[PDB]
Every structure is written in C-alpha cells, then in structure tokens.
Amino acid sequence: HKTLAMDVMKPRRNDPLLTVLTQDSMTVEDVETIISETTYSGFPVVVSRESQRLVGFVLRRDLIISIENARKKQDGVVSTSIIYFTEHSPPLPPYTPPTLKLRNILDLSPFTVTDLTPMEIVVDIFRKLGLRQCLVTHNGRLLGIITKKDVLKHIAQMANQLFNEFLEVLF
C-alpha cells in the first residue's frame, strides 16, 4: 500500500473541514473570529463554500496587518464591512458600509497537487521548489493542505525504521 497525497494531507479522516475564506461574501468580523479561534499560518481562498474552487492563499500575518491598518483610518470600515479579493467590489444594497479590498495580499498562484499524486512526487516538489505549503485537490475542487512541516514529519517517520524509500530522497 503506497502512500499518496490524500494520506498525508489535513484534515485527516473524520476531522473538521479546512478553515477557508471566501472571495466575496465574508465580513471583517468573520475573518476576525477565524483569526481568533485558529493558529494556522495561512488560509485558502475559494469562490464559495459550495463550489470549493480555489482562488488563492493568504497569510494570517498579512490579514492581521491589513485589518488593523483599516480600523485606524476610521473611514467607514466596520465589523459589518464586506471583505473581497476580486478586482471589483461586489454589488450591494443601500445603506451598507464601505467595502474592504484585500486582493493585494493574496497569493494568486498557490501550488496545487491532486489527491492521487504519490508522496514520493510531493516530497520531490517540496525539495526542488522550496515550497512552504501545497494545496490538494480533486477534479478542480479543494480538499486539503500539506505544509513543509507535514513533509518533514512524513520523512522522519521513514528515517528511523522501508528504509530504502527514505534513501530515494537523495535521488
């Protein structure tokens, strides 16, 4: 039984869904509680929760800075302001507060890998491209994530032990 990308990605079997953001429908408060409740380095950005179509990746570090920088300006941006990553602001009803565009802190080119891809190949892409993270997908829809550390844990489980597969690392 060869180990694939789906065997190493999070979430694991029967754990809560990937913590994601939408490109269009989330407010400042939504992003604020997500940051408050989680300690993940970054978050995927999708078109919507039903589509799960990937748009990009965005860092916690960067989200915090952009949201604190928006409070201080005191120019109408409030807890109920819509955050968007598209090029234009979404169509919105009257009396609604100004919008927050965060497209300039979004990595519009995250690296991707299908769930069926072997870990032998994933480990090799991480080594050769110097990736911090990689997103796992199925038929164009997002499924999970692998981070550099996840790879490092996967390799160390091979080191002290099947030992031959560890040596393939040098090749």
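Don't overthink the numbering: it's just position in the shown sequence, from 1.
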property: Gap size, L162 back to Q161 (deposited sequence, no coordinates); result: 4 to 9
property: Relative C-alpha B-factor of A156, binned into the chain's lowest, middle or highest third; result: highest
property: Third assignment of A70 from its chain's C-alpha B-factors; result: highest
property: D150 by Cα B-factor - lowest, middle or highest third of the modelled chain; result: lowest
property: Third of the chain's Cα B-factor distribution that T19 belongs to, per the entry; result: lowest
